[PDB]
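Let's start with one chain on its own, the form deposited in one PDB entry, as structure tokens.
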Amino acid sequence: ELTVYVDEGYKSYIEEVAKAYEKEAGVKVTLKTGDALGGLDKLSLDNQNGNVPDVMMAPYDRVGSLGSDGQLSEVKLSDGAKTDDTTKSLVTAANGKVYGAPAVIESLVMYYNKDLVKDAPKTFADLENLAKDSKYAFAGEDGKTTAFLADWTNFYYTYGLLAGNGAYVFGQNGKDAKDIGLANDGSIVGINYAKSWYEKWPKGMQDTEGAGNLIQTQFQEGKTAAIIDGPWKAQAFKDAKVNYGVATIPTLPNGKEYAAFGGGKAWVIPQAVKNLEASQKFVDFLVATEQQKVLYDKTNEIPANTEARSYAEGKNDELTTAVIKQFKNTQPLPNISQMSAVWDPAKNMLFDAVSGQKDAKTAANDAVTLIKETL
């Protein structure tokens, strides 16, 4: 009498937690598996028919947009959830009602192959030097490298590059939707720097679709020293038996930190659930210290619950350490409605600039005009 919709990578986790929740309270938790973002895309239509899962996971930006749009029930933050000021703020929409319980904090980090390299690269000049070295030449197209790869046409990925250089999405720390900073001078240096890398990379890095699969394949097959990716990738890398280390993203050519979004995920409850109390109850259990520790144990993702998070910090694995440092150098993932209009124009900006189809400034100005349109 309760259904949880999650990504495959959480199946084992939810199976175990369900088994315990059934023992503690008297509720049967059945799981439905599928694309997380895709489940949220259809939420509005599922709310129309009543056929919604009882609990699902959302990135914080989507907690804000889906919440602001009426698609989500309000969520209560129990004492057991062990939230802090920053995780509370990440699940509070502009209105500002609470539409999720914090489950994960995350930042992009640098994964590197310990079989290929002795130490973590520290600067972007280090990554550029690996580009020079010849075991990383790409077959069939030269002179291209796979020494360092990042999915820099995904705005979530590139953002930190632009922001480290002075770019911003919205003014007043992601709140002022009228002041867009994606076409400032710093943003343009970020974009131009991105371009220089695309000019050293396989043309497939510019593919309209699966650059993500190319990156993953190259790294797992021992062809790339370093990539930038999220903690969610860890389960897969362990499966691929990759001998990976994790470090903070190397400092930029300007010496500044790669200022990735300070993001993560919450447990959310669709607006159309039969029984909100029952859903809140399982959510309280999921964010309770024990289940949050088990989340770290099963996925290596960093718990939002501050007690469970200290546990992960104590475990002191390279990934947790890097996520924690990196999170100090982030600005929070914006959760105002208007963020939802940013991702697509920004992605097109990046494709157009790095391919040289538009110059960087023009691509940015065009992206900003289109974002301005949508809000």
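So that there is no doubt, residue numbering starts at 1 and follows the sequence shown.
The mean C-alpha temperature factor is higher for 271-279 when 271-279 and 115-123 are set side by side. Once the C-alpha B-factors are averaged per stretch, 205-213 and 147-155 rank with 205-213 first. When the C-alpha B-factors of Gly171, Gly245, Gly263, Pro231 are read from the PDB record, the largest value belongs to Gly171. The PDB entry assigns its highest CA temperature factor, among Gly64, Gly50, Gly314, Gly70, to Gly50. Sort the modelled residues of the chain by CA B factor and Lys238 lands in the highest third. Compared with the other modelled residues of the chain, the Cα B-factor recorded for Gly26 ranks in the highest third. Remark: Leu286 belongs to the middle third of its chain, ranked by C-alpha B-factor as recorded.
Ranked within its chain, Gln331 lands in the highest third, by CA B factor from the PDB record. The deposited CA B-factor of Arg309 belongs to the lowest third of values across its chain.
Not on display, but discussed next: the form deposited in another entry.
In the two-part rigid description of the change between this form and the one not shown, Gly264 is assigned to a different part from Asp142. Distance between the C-alpha atoms of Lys328 and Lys82: shorter in that other deposited form than here (change of 3 Å or more). Pairwise change in that other deposited form: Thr86 and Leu252 C-alpha atoms lie closer than in the shown form, at least 3 Å.
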